[PDB]
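# Notes for the structure review
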There are 2 protein chains.
Amino acid sequence: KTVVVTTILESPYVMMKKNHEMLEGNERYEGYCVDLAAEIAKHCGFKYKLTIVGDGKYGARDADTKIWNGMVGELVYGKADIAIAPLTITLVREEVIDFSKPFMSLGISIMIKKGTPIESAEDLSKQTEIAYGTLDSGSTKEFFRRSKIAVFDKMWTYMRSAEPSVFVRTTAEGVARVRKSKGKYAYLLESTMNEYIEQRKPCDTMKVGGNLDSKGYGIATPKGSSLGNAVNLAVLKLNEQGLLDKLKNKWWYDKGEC
Amino acid sequence: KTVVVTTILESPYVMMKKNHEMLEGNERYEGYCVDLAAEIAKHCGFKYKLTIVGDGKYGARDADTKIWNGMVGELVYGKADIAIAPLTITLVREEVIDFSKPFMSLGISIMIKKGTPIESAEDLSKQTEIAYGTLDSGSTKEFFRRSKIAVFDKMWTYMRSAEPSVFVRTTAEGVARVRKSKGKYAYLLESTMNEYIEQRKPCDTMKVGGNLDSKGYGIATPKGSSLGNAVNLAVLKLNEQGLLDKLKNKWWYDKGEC
Ligand SMILES: N[C@@H](Cn1cc(Br)c(=O)[nH]c1=O)C(=O)O
Ligand SMILES: N[C@@H](Cn1cc(Br)c(=O)[nH]c1=O)C(=O)O
Ligand SMILES: [Zn+2]
Ligand SMILES: [Zn+2]
Ligand SMILES: [Zn+2]
């Protein structure tokens, strides 16, 4: 059976091709995760169909309703067989789905409009003129919600109580907000995304300070999946053979506009 | 049943305390991995005994006998129940044992005396006045042996046939060779180790250039272990709590003497 792959429209991982209306199926998309999916499939020997997650979310469980949304939910309820996206390997998710070893290492980082007088998370927490937030609904927002580290908890208390909301629906929304704030809005996001945006026109944003944490993105499958073992071995083989480094250069730097 | 943990004396992971002669059992040791073992054991709810791997090796498979040595071999043959050490998650090992998600991210790096006219892997391959090598029975030596990247293979053809052997049995021997070679020997090793040594007196070595790859260290258990699942969730929990960063600071920079 054709393997159903759930993914998310997040540049440069998965994007619509310019003439996608002319194309069909898997040919409608391009990106780092599109290239990765084709390779994982080749190495594991399966045919597949890329589908964009219905609710445009990564994956979180609603307390009360107890229902999982996003790509994680698609795997949990059997709507998809595998998730190939910039999906963070977390404990809460690992309890309901399986993840391959990481295909990309990263950490939460700070994005500023060039010139903003901020060089760390401590800087952000110690002031209030410059607003800041995260991508609503993902692991970055959860990192702050769950943190017991003083600086990060102080940051969470401000963000959750901030009005209007400092949280954004999409990365693009966070980046445009940074770009239009005149330095009055900093954005907390995954490092690899920060580095990508730093190489895109108008070349007016930059990553400052070190990463707030260290983690990774993994390929996810439902628990008990027949694909789990092979998918994991494929990720390790691809990393060892240099393909992963090659894909990042391709979508990040080879195509860099700054 | 008390769990037998296999580990390796590699600083600052596992080191015999200064006051060891007046101590017994697990108390004789200190280090990043000693604190880690204690954390894992507390969270997984088990009692353990730290044992230093019989042959002092990480783990590799004998091409002729098909027999696994090192900590890997201790798990494969059932001599040990879990390996808590700076053991790299690799494809060949993943085929015979299980690994938790990485507790540490790293990459192969270059260690030079200081003043040594080398700044990259390319520089090393462009000349022959300065010798260079790696550790044995490890993922680093394997890396160059399996690499197709022009530079890394050119480096391997030199290392393979190098007279005398540029390979060393332990990190200590590699670092000692760099320090006592008047800058005529550069050492290829894992980044975390490189960074640690750079902060240790005589403060005469330094890490140059970027990492040659991206990998991770994991806690290993034999296939089908009743400990595997719990250990993986424990690693994830410890990373998300902020403990793994706390442990690296403590052993790397809080104790740095440069
Ligand atoms: N990877 C996250 C989603 N995600 C993505 C980006 Br880009 C970010 O900046 N923050 C996030 O939480 C997850 O898995 O929830
Ligand atoms: N982590 C490796 C062992 N190891 C260690 C150090 Br330090 C190094 O520089 N190279 C290695 O291969 C393995 O697991 O084989
Ligand atoms: Zn391939
Ligand atoms: Zn604990
Ligand atoms: Zn032999």
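Residues numbered from 1 in each chain as written, not as in the entry; some residues may be left out. Chains lettered and ligands numbered in written order. Heavy atoms only, no water. Residues with missing side-chain atoms left out of burial classes, pairs and counts.

## A word on the site of ligand 2
All names here are of chain B. Near ligand 2 lie 14 residues; those nearest to it are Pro86, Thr88, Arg93, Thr140 and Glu190. One of the backbone nitrogen or oxygen atoms of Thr88 is found 2.9 Å away from an oxygen atom of ligand 2. Backbone polar atom of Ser139 to an oxygen atom of ligand 2: 3.0 Å apart, as the coordinates give it. Bound to the protein, ligand 2 loses 100% of the 380 Å² it would expose on its own. (Near = heavy atom within 4 Å. Polar contact = N/O pair within 3.5 Å; in protein donor to acceptor, adjacent residues only side chain to side chain. Areas by Shrake-Rupley, 256 points an atom, 1.4 Å probe, with all protein chains shown as cover.)

## Some thoughts on the UniProt feature "binding site: L-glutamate" in chain A
All names here are of chain A. The UniProt entry lists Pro86, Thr88, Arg93, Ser139, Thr140 and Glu190 under the feature "binding site: L-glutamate", expressed in the numbering used here. Within the fold, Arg93 resides in helix α3 (residues 91–94). Looking at the secondary structure, you find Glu190 in strand β10 (residues 185–190). Beyond its immediate stretch of four places on either side in the chain, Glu190 contacts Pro86, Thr88, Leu106, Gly107, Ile108, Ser109, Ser139, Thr140, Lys215 and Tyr217. Polar side-chain contacts of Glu190 include one of 2.8 Å to the side chain of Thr88. (UniProt positions renumbered as here; feature names shortened; annotations may be inferred. Helix = DSSP H or I, 4+ residues; strand = E, 2+ residues; numbered from the N terminus. Contact = heavy atoms within 4.5 Å.)

## Details of the packing of aromatic side chains
Residue and element names in this part refer to chain A. Scanning the entire structure with this criterion turns up 27 aromatic pairs over all chains. Centroid distance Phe46 to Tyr48: 6.4 Å. Interplanar angle 85 degrees. Geometry classified as edge-to-face. Assigned by exposure class, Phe46 and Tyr48 land together as buried. Three or more aromatic residues link up through ring pairs in this structure, and these residues are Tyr13, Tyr32, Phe103, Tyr196, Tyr217 and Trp252. The side chain of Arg177 reaches across the aromatic face of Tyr185, ending 4.3 Å from its centre. (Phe/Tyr/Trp six-rings, centres within 6.5 Å; stacked < 30°, edge-to-face > 60°. Buried < 20%, exposed > 50% of the residue type's maximum accessible area, 1.4 Å probe, protein only. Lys NZ or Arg CZ within 6 Å of the ring centre and 35° of its normal.)

## What to know about the sheet that holds strand β8 (residues 108–112) of chain B
Residues and elements named next belong to chain B. Within the open sheet, the four strands sit side by side as β9-β10-β8-β11. Their pairing is mixed. If you trace the sheet from one side to the other, it starts and ends with β9 (131–133) and β11 (206–208), each paired once. On average, adjacent strands in this sheet sit at an angle of 35 degrees to one another, irrespective of strand direction. Against the sheet, helix α5 (residues 139–146) engages β8 and β10 (185–190), with an angle of about 105 degrees to β10. Set on the sheet, helix α6 (residues 150–161) makes contact with β9 and β10; between it and β9 the angle comes to about 95 degrees. (Pairing = 2+ DSSP bridges. Axes fitted to C-alpha atoms, helices over the stretch in contact; angles between N-to-C directions.)

## Considerations on the coordination of the zinc ion (ligand 5)
Metal coordination angles have textbook ideals: 109.5 degrees for a tetrahedral set of four donors and 90 or 180 degrees for an octahedral set of six. Coordination sphere of the zinc ion (ligand 5), protein contribution only: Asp62 of chain B (OD) and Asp62 of chain B (OD), at 2.3 to 2.8 Å. Mapping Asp62 of chain B onto the fold places it in the loop between β4 (48–52) and α2 (70–76). (Donors = N, O, S within 2.8 Å, 3.2 Å for Na, K, Ca; no water.)

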